[PDB]
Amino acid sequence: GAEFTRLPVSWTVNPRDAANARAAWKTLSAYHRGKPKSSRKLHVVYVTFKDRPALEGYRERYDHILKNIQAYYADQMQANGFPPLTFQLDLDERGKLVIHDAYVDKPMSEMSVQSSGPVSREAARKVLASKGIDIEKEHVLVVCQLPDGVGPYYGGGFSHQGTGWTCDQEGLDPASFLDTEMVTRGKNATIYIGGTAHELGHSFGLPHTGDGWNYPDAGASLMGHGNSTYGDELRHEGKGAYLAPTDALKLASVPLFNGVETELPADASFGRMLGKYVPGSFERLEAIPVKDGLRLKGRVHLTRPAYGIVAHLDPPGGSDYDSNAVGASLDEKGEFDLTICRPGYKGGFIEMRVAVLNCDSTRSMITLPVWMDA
């Protein structure tokens, strides 16, 4: 992996999470029996503008960037107990990343942070459509040749479609992760390449999941603030970013990751959190208090095959960045049993989200208002 500065795995999964991943993968693998295989890829578009020509080495640099994130997701999913699942890239005969070029005949003065997303997305749609790729049904990364004050840094999508936006900078490459010269030059690469890994997670349907007591020496959760520590373990003794078991549970049912072209149900709907959702119900639901935590057990009514369940604790304020999450697998009857803790929590009230993970890639969510103390 050294050619694209492959990141190491700087954490060890808890045995309960590894057992959850193996059971979820067994349930998903049975569901995948007999279904068509997926040929989906994460496509990359580079968008230039009238006074904004392409930056040097962008084809080689983004071959390194995408392959670094690709290997990262692969290595992190494996560290969680899944196979090394990750998105595939469109590669040329030499194994280098295919990059679609798009140009927008507008000067930067006619652009804004509000319009750079839609304008670059339309440009990406046109060039991708010319090669038979529908941006409305695929996962795409849109790279903009724009500066921070105008260009977009955003990610949004779900299991069957998503778009991520980023901006290129001169010499941006994962090889800079080791450079401690000059705010440092590794931290700069950490911010933007880690941000892209984070925004791509959103395009796969992942919300925010912050750090939790069960992983104090694992680095920062990628979907929390791990976008600021991605690859920082290669300099100055840092802890890096790890993919939370709950996020690995969610990605396991994404066709782009599991290589199986499952079909979405007609009632799959957007919700307040990222992803697509369907109605669910409980035959049994129990929230039992413990010291600085909660034991959540019950029985999901299986209207459809489902493989797992994810509980989030979310203090009021600060969006979902300060949340922590715990995963669990569902047996053949839909029963689950997990404990989620917040040691030393003094906020009293806290929001609990409960998300059932369906094999058809949708989710079912309920929200419960909980009081927690010692």
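Residue positions are given as counts along the sequence shown, with the first one as 1.
**Q** Going by the record, give me the number of deposited-sequence residues missing between residue 182 and residue 183 as none, 1 to 3, 4 to 9, or 10 or more.
**A** Gap between residue 182 and residue 183: 4 to 9 residues without coordinates.
**Q** Test of understanding: from the entry's C-alpha B-factors, which stretch has the higher mean, 46 to 54 or 335 to 343?
**A** Per the PDB record, 46 to 54.
**Q** Which of the two stretches, 81 to 89 or 149 to 157, shows the higher mean Cα temperature factor in the record?
**A** Mean B over CA atoms: larger for 149 to 157.
**Q** In this PDB entry, which of 76, 253, 114, 221 has the top CA B-factor?
**A** Checking the PDB record, the top C-alpha B-factor among 76, 253, 114, 221 is at 114.
**Q** Among 95, 201, 275, 210, single out the one with the highest C-alpha B factor in the record, please.
**A** Among 95, 201, 275, 210, the PDB entry lists the largest C-alpha B-factor for 95.
**Q** When the deposited Cα B-factors of this chain's modelled residues are ordered and cut into thirds, is residue 67 in the lowest, the middle or the highest one?
**A** Middle third, going by the recorded CA B-factors of the chain.
**Q** Could you say whether, by C-alpha temperature factor, residue 226 belongs to the lowest, middle or highest third of its chain?
**A** Middle third by C-alpha B-factor.
**Q** If you rank every modelled residue in this chain by C-alpha B factor, which third holds residue 327: lowest, middle or highest?
**A** Lowest third of the chain for residue 327's C-alpha B-factor.
**Q** Using the B-factors in the PDB entry, rank residue 177's C-alpha atom against the chain and give the third, lowest, middle or highest.
**A** Highest third, going by the recorded CA B-factors of the chain.
**Q** Per the entry's values, where does residue 290 land by CA temperature factor relative to the rest of its chain, in the lowest, middle or highest third?
**A** Middle third, going by the recorded CA B-factors of the chain.
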